[PDB]
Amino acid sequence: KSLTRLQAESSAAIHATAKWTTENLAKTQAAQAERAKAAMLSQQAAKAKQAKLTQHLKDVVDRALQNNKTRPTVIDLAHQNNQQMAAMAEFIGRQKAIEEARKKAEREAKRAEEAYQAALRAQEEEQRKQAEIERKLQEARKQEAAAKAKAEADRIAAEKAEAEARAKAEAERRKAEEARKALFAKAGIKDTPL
């Protein structure tokens, strides 16, 4: 094969690889946009869960403040009677039990708050990765355009070298035939009808 045809095969193979690279990045972009959308969905669910468990904590706090209204009066501590002691002991038991339930509602609200912050960070990270893939995909498209333009220019150069090779061989063949026939014609030996 001619050097121009061999050069056109080399650049066509490089353009085929540039196409594969761009296509791989385009599929990566589409799969990464789906992961970002999945992370937005998971973040909206953690946001809802945080609001729900915060409301539950608020409801347990209101149960405490309602029970606190029932606090009995025990001021003569040296002369407490059995009914006043039972009233105070039962009030303290109810306040301690509500406090255990409030501590648990608060532990759960805090975990849900932390899970909402983690899902916000995960959404941010999937969007960061998506924007980086998009920058690489733009890079892939620019390299592919350059490879396409080069493969095309090499193919046209190969075609031009063959058109020129053919024109030159025809021009040399006609020049030799005319040179031979001019010797006869210049000596006055002329052509005649068939």
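In case it trips you up, residue 1 is the first one in the sequence shown, and so on.
- With 12-20 and 169-177 compared on mean CA B-factor from the PDB entry, the stretch scoring higher is 169-177.
- As the entry records it, the average C-alpha temperature factor is higher for 76-84, out of 99-107 and 76-84.
- Taking the deposited Cα B-factors for 155, 148, 49, 136, the highest one is held by 49.
- Residue-level temperature factors show residue 187 in the lowest third of its chain, judged at the C-alpha atom.
- Sort the chain's modelled residues by C-alpha temperature factor and residue 45 lands in the highest third, per the entry.
- Split the chain's modelled residues into thirds by C-alpha temperature factor. Residue 141 is in the lowest one.
- Ranked against the other modelled residues of its chain, the C-alpha B-factor of residue 4 as given in the entry falls in the middle third.
- Residue-level temperature factors show residue 55 in the highest third of its chain, judged at the C-alpha atom.
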